[PDB]
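To keep things clear, I will list the structure first and then write my remarks on it.
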Amino acid sequence: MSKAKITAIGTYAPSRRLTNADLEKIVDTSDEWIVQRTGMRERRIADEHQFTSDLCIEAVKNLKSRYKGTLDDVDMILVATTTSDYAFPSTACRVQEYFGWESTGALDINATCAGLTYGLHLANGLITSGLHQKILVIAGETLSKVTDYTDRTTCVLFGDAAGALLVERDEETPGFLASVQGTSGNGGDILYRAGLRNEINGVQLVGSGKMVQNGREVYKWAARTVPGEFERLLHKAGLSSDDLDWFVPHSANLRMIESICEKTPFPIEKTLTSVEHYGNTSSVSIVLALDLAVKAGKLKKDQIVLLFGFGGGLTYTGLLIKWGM
Amino acid sequence: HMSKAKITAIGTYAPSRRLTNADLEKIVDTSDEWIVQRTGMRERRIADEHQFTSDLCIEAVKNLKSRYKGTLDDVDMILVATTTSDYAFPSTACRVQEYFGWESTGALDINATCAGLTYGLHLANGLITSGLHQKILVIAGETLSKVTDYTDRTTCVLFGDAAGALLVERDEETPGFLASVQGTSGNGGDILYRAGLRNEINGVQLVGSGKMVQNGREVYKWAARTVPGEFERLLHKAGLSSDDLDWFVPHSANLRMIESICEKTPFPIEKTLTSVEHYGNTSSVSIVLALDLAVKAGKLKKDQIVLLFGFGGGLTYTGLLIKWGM
């Protein structure tokens, strides 16, 4: 029985846009090919000098300007990212540096594109257990700096952004209704970026440190995993799909989301995305989709939302939440 | 707000190659005597050229499993505290799942530097007490030798490689977690860092070369003023005195630093478990190693009250009062 609720949101995307017309001019592709395979038209790119922590701070500033309460109260900062400024100090510690909160834990977490829903799962457990009260769950990514822009199959997908969600103790009405998780470690060679190691199964990695994906195998894994766990979520919470107001999967690819929406029985018109003008922002994709929906009037207080973050690992966390703002 | 979690099993693995003080004498201008005096370390373990953090972690879960009476097939969460993961986003935790093939588990890497172990247990306690999980593996693993500058005598003598795992599960009888304290000093970020995508910090270009960098004096100063008062606050939160606590297990960064903390917090060094002498500074792993050294030696017994205090790069920390459930 959850004692946690999501009560504020903020997002920031860097100003520089990367259009398909800009991409036709550096790789051999076309606007029509891109929009047809992926659904994206633009992405935001961080400046040469602005990094993930800079984006996370902006995202929290946006939340700060839009939240009727105070953030001096925050007692945990969770930052889900893959493009941290430094190996350490962590990005969460950079956020604390800037706002100066006096008594908070700070932690970077890594589940790649599932990082946001992993972070919200963590906040739900930390609050519900009575260990925390105000927790900042932040996703921020600088995918442009680890993207192979010599590769037509991948450089058209990725953008930069950050988004922040505030979670609080709510003892009246639960804000988290159910959770599903799973990990398919066997898929680690299907979606990766090199680090200290440069081989997986004794097989040398490609990409020269940049992100690498087997798009079809990722697509196939999402398509065969999300529908059943979608159903399992609704069962765990005692809910029908008719009770579900919005479906917010990880915005990796509009066709993938369309496909998922057919294999699951769920309509695309009840599905929030952010892929068209921000590309695939990894752990930030879901926050962007939510804030676009908040700004557009589609997402309203007390609605039932299903966030399904999945990514590299392969791993995922699916969440049924009740909008609390 | 009573805890429903207890640490129930442990396993460790430290790499094979030993890096003695004598070895370091032929690498940089240092002496065995200056090292044992300034840091208390004699040996470190070094991973092989082709073994990495995920290898170490898997070896640590192997050790735990060969020592746990129950099964690990129903582990529902893997948390790996690491700063030196094999790959950027392929999660070390997911490499651990791939090896053992557990069927329904979350996998997540966490980064709080040398504080990652205590942060990972704090997470596990909240994840289990809230009823979202039943059995969690909290793993720390580091391959610091791969990110160490072996032309800097002030830093390359400090670090080693190791991995250690703790199992946390539901215990509705008696809590295994009694109190927690946390804190973050983001402005101390330039005191202990390693370059990632960025190579400047508030204006000034980073040093090293993607290798770990530490201001040992300032790290000493922080924590010497931080840990004693939070030590006491942990006891107050749990309703205990210094005499109720059996073992103190701080981050094994430096024996002089540990002795000094024990000096200005009122707590005796003979009641503190360390692992610096033969394993060096293994970052997030140092506490698990001190724990596993104490159980093998018969010093850490079940139901004993023990305080873990992980502090590290951030600067950030998590301190925990726990009851040994093994």
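Recorded method for this deposit: X-ray crystallography, 2.4 Å.
Backbone N, Cα and C define each Cβ position, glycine as well.
Among the ranges A:226-230, A:251-255, A:301-305, the one that Swiss-Prot lists as region 'ACP-binding' is A:251-255. Same-chain residues at least 6 positions away in sequence with a Cβ under 8 Å from that of A:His250 (active site) are, in sequence order, A:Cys113, A:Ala114, A:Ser285, A:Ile286, A:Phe308, A:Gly309, A:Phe310, A:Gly311. If you take the C-beta of A:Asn280 (active site) and look for same-chain residues 6 or more apart in sequence within under 8 angstroms, you find A:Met40, A:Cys113, A:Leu143, A:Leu157, A:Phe158, A:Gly159, A:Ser251, A:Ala252, A:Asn253. Taking all protein chains in view, 32 other C-beta atoms sit within 10 angstroms of the C-beta of A:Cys113 (active site). Classification of A:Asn280 (active site) by DSSP places it within a strand.
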